[PDB]
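[1] build me a structure from this.
(2 chains, ligands or ions: 3)
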Amino acid sequence: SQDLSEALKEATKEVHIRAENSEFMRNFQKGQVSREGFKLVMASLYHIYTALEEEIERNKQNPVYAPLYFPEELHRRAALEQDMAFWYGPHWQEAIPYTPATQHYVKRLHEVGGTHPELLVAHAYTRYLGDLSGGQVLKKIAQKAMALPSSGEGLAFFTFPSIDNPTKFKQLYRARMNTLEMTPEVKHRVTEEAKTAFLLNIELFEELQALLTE
Amino acid sequence: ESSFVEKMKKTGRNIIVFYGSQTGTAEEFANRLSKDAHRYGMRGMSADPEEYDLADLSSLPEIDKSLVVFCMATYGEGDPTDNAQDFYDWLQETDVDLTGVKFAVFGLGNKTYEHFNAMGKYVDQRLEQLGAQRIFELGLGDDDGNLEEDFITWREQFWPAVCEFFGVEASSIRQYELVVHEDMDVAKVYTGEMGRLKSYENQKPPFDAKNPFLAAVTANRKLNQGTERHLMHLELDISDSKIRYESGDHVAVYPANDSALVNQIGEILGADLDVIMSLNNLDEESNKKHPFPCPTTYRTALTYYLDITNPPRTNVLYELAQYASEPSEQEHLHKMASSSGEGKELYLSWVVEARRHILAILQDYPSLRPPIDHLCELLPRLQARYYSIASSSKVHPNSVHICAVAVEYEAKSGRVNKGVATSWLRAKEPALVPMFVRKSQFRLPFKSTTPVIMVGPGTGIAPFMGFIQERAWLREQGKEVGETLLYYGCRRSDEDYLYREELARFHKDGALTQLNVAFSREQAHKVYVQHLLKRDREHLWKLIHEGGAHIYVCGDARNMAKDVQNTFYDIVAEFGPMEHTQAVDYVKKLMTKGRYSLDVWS
Ligand SMILES: Cc1cc2nc3c(=O)[nH]c(=O)nc-3n(C[C@H](O)[C@H](O)[C@H](O)COP(=O)(O)OP(=O)(O)OC[C@H]3O[C@@H](n4cnc5c(N)ncnc54)[C@H](O)[C@@H]3O)c2cc1C
Ligand code: HEM
Ligand SMILES: Cc1cc2nc3c(=O)[nH]c(=O)nc-3n(C[C@H](O)[C@H](O)[C@H](O)COP(=O)(O)O)c2cc1C
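    Residues are numbered from 1 along each chain as shown, chains lettered A, B, ... in the order given. Ligands and ions are numbered 1, 2, ... in the order given. See the structure here:
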């Protein structure tokens, strides 16, 4: 369609279905994750968000992204740190792993923030929105699986302090994207980049599945 | 497995609970529910339905005083769950006769889907169709609000009704123990703060739901120009909280029941309110230790902690039945727990409708001399009330402004009732207020050029004042302000036309482009903001479609918001000519894009 938000869903409709039917995801959805399995993914995600949020910080004032800056409502780094402390203990720092898939993703992020700011938004679209759709169910499966405290420890990444209605927030987010000024050439680039980002996630999921059942 | 009929009489039970669970939420509900029976008269067992022979259902009435209950989750487009498959298709293609079988169903769901609790609805309907009889309302849990809350509500009122149909009745089993701390040091007793002790005195950020800031009321003026109702503008100073907010945001508030009202209860109940105490949750591995901040007085509780205004739930009336010496008095109370018959007819009429609060009940039932500690168990907590912020942080960094109607009315109870927050708010003269700021995604667009439609009849004009302020501010900064439309409405021009002068000022300053005002009782045919919209249609359409305008509807939800929605549908349907149904799709897409945003209540 015409509006960025509308476009992106259509352009990543295919990729999403494959990301969600990868073995890791499907198993997760029936409640089948190991403590190690969960531990790995979170660790990987920490790096991703550190890179992503670094880039965001760098480009928070460039109008190709400034309208999508939500430090209060979204930023995941501190929350992820909390979960690292919980899951890897006081030594989480270099205790957490750094998989090849993760690395590749991060370096792509660096490039994007480094020379392709206009495209950041594709990554952001993939990430944050996912967390506010699938994420809430995923949080709650964790309790059945790992039977953790409804004190909430270990699930900071899945808990959204400032956001009173994820449905509502998605609303706003989509509108925000539309507010970016871009040529439909650039729109197509962004759509491509969305697909790329999806692929990056998908590759991770299949990697880690190998290393669990192992 | 070997038949469930046999296994009930063999394991010594009458009640059976089946769960259709995918992610284990339904199971959780089922297990808590059959464990309620055990100390509520009877004795239940929760089972996986896929492992028992389900023809045996009309074989249930062979167990005396038997009831069967269903906990099922709705999946996809209203389709069944895993362990529920065998049953479902049998049900779809059976009609063998279930006469005499007692049942009840709870649905697990989400309002954002249009097949809301379709699973639960189906099962509930189907059983009736076969000759079977419903005992309690079909529950409609909602994950959009809070599914858990919806469940707990339903459960709270189920058991009392179940008891009444059958007879049973231990009708009294406690959940807290009273521990008088009759001689105890002063500063370890709660005075009505919400979080930690002396939270209201030691004010440091974070400020939120559990550490409210206490904002000092800078002013209160009656905007109400007539006498019909009292409508008021208050100014709350948050100077050193360093709380931030954005226009259209909410400010939440922690009120206190009017102490006068409090006192009457204490009197007619006949205890000392100032009795320092605690109620301790005796179910030891429950880390929910007291229903409200303890240690504290009954005075402190009834004033700041408990909800003494919104009528009783069914269950509490059943609980209280026991303190009536009068047989007749007892009977009434007992009846109003029935989920049907006369019993249900009454309760809705003379309690919920008539808006008889706790106090009224006591006044209308002399026998009710229940213990104050036990009452302070049975009362719901005082819910905070929230208010759409009516200011912009760019013009009022240090001030949160509210707009509201003060509540007051003759009920059928004969009793004049009062609004908690609103009356409380009203009394705050130019006196501190405990409040926090909760984020909404009711927001102005980023591009100052973007045009805005604001629809705000009544107090709903509230957050839109903030919007207007922000737009005004933009023009001071030399930024390009887009088209700015306010579609406001009130009863009569000289009566309740909120912010008359300031709005007019905004009009002539260029900041507000069009001030359209719907005066509804200035004629014998009613004039609503939909009418205004209809009148302007073409102008609106060019804004939405060419300008890329945003849509905001704030205010009454029951009728107004959806009337406005219908008007917008008709605008779309005729002007980029559509099927009615095409227009609806377009509208919906708009919302998704985040161009049509709401903010309502009742
Ligand atoms: C997200 C949100 C934003 C809101 N923003 C605003 C705002 O900006 N301004 C505003 O005024 N309100 C707003 N409200 C509504 C508000 O929070 C309260 O419902 C209202 O202000 C009354 O609170 P109270 O404690 O004073 O009255 P309460 O003591 O709670 O009693 C009021 C209740 O009693 C009942 N009642 C009232 N009149 C009658 C009658 N004649 N017959 C029978 N029953 C009756 C209704 O149940 C009513 O809701 C908002 C609500 C929500 C959920
Ligand atoms: C657990 C399996 C998942 C399911 C069932 C699922 C389902 C959905 C659904 C139904 C939506 C639409 C939300 C709405 O109704 O508004 C959605 C949105 C989204 N999902 Fe997922 N999802 C899953 C996992 C993922 C994954 C792995 C990612 C990528 C990391 C992802 C990224 C997104 C994004 C970016 C959106 C926003 C799309 C939009 O703008 O409409 N999701 N998901
Ligand atoms: C994929 C999915 C689709 C859903 N679709 C609907 C729906 O159309 N209507 C509805 O009322 N609820 C729907 N729900 C709400 C679920 O029934 C709800 O999350 C429930 O709490 C799950 O219960 P369980 O954990 O016992 O399986 C859906 C939930 C999920 C996970």
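[2] which residues touch residue B:455?
    Applying Cβ atoms under 8 Å, 6 or more residues apart in numbering or on different chains to residue B:455 gives the contacts B:487, B:529, B:533, B:551-555, B:564. (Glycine included, C-beta is placed from N, CA and C.)
[3] which phi and psi does it have?
    phi -110, psi 100 (degrees, to the nearest 10).
[4] so what's it bridging to?
    Residue B:455 has the following beta-bridge partners by DSSP bridges: residue B:487, residue B:553.
[5] now do residue B:222
    Beta-bridge partners for residue B:222, by DSSP bridges, are residue B:232.
[6] can you tell me how far it is from ligand 1?
    Residue B:222 sits 14 Å away from ligand 1, going by Cβ to the nearest ligand atom, to the nearest Å.
[7] could you do residue B:270 as well?
    Taking Cβ to the nearest ligand atom, one finds residue B:270 at 26 Å from ligand 1.
[8] and residue A:150, by the same measure?
    25 Å.
[9] excluding its backbone neighbours, what's nearest that residue?
    residue A:143 (7.0 Å; Cβ to Cβ, 6 or more residues apart in numbering or on different chains).
[10] the helix or strand that contains the one you found: how far from the chain's middle?
    In the assignment (DSSP states H and E), residue A:143 maps to helix A:134-146. Using Cα atoms, centre = their mean, to the nearest Å, the mean C-alpha position of helix A:134-146 is found 16 Å from that of the whole chain.
[11] hang on, the earlier thing: ok, the residue nearest to residue A:150 - how many residues close by?
    Around residue A:143 there are 18 other residues, counting by other Cβ atoms under 10 Å in any protein chain shown.
[12] same question for residue B:480.
    Applying other Cβ under 10 Å, we find 9 residues neighbouring residue B:480.
[13] go ahead and confirm it touches residue B:451.
    No: taking Cβ atoms under 8 Å as the definition, residue B:480 is not a contact partner of residue B:451, at 11.4 Å.
[14] and after whatever helix or strand residue A:10 lives in, which helix or strand comes next?
    According to DSSP H and E, residue A:10 maps onto helix A:4-11. The first helix or strand that comes after helix A:4-11 along the chain, using DSSP H and E, is helix A:13-21.
[15] can you give me the buried ones in that next one?
    Buried residues in helix A:13-21, defined by neighbour count with 16 or more other Cβ atoms under 10 Å in any protein chain shown: A:15-16, A:19.
[16] which one's the longest helix in chain A?
    Ordering each helix of chain A by length in residues (DSSP state H) puts helix A:184-213 first.
[17] now that one against helix A:4-11, angle please.
    For helix A:184-213 against helix A:4-11, the angle by axes from the mean of the first three to the mean of the last three Cα atoms, to 10 degrees is 50 degrees.
[18] next, the angle from helix A:184-213 to helix A:13-21.
    Using the same axes, to 10 degrees, one finds that helix A:184-213 and helix A:13-21 are set 10 degrees apart in direction.
[19] now the strands: where do they sit in the stretch 451-600 of chain B?
    Remark: strands assigned in the stretch 451-600 of chain B by DSSP state E, counting those that start in this stretch are B:452-455, B:484-490, B:514-519, B:550-556, B:596-601.
[20] say whether ligand 1 is contacted by the fourth one.
    Pointing back at strand B:550-556 there. No: between strand B:550-556 and ligand 1, judged by Cβ under 6 Å from any ligand atom, nothing touches; the nearest distance is 7.7 Å.
[21] by contact count, what packs against that strand?
    On a contact count with 3 or more Cβ pairs under 8 Å, 6 or more residues apart in numbering or on different chains; DSSP states H and E, strand B:550-556 meets strand B:452-455, helix B:462-476, helix B:562-575, strand B:596-601.
[22] take those and lay them out in a markdown table including distance to ligand 3.
    Putting the helices and strands packed on strand B:550-556 into a markdown table (distance: least, Cβ to the nearest ligand atom, whole Å) gives the following:
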| stretch | distance to ligand 3 |
| --- | --- |
| strand B:452-455 | 29 |
| helix B:462-476 | 30 |
| helix B:562-575 | 20 |
| strand B:596-601 | 20 |
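[23] list the contacts of the closest residue to residue B:510 other than its chain neighbours.
    Spatial nearest neighbour of residue B:510, excluding adjacent residues (Cβ to Cβ, 6+ apart): residue B:475 at 6.7 Å. By Cβ under 8 Å, 6+ apart, residue B:475 lies in contact with B:481, B:509-511.
[24] distance of the residue in the stretch 401-550 of chain B positioned nearest to chain A from ligand 2?
    Closest to chain A within the stretch 401-550 of chain B is residue B:441: 4.1 Å, counting by Cβ to the nearest Cβ. Per Cβ to the nearest ligand atom, residue B:441 is found 14 Å from ligand 2.
[25] equivalent analysis for residue B:377, please.
    Plainly put, residue B:377 is 41 Å away from ligand 2 if you go by Cβ to the nearest ligand atom.
[26] next: residue B:300.
    Going from residue B:300 to ligand 2 by Cβ to the nearest ligand atom gives 45 Å.
[27] residue contacts, the residue nearest in space to the middle of chain A?
    Centroid-nearest residue in chain A: residue A:127, 3.0 Å away (criterion: Cα atoms, centre = their mean). If you count contacts by Cβ under 8 Å, 6+ apart, residue A:127 has them with A:48-49, A:52, A:197.
[28] and the furthest pair within these?
    Across the contacts of residue A:127, no pair lies farther apart than A:49 and A:197, at 13.3 Å, counting by Cβ to Cβ.
[29] what's the burial count for the residue of chain B found nearest ligand 2?
    Closest contact between chain B and ligand 2, by Cβ to the nearest ligand atom, is at residue B:112 (6.8 Å). Counted by other Cβ under 10 Å, the residues lying close to residue B:112 total 10.
[30] circling back: right, is the helix or strand just after the helix holding residue A:143 up against chain B?
    Downstream of helix A:134-146, the first helix or strand assigned by DSSP H and E is helix A:166-178. Yes: residues of helix A:166-178 contacting chain B under Cβ under 8 Å from any Cβ of the partner chain: A:167-176, A:178.
[31] which other helices and strands does helix A:166-178 contact?
    helix A:4-11, helix A:120-131, helix B:580-593, strand B:596-601.
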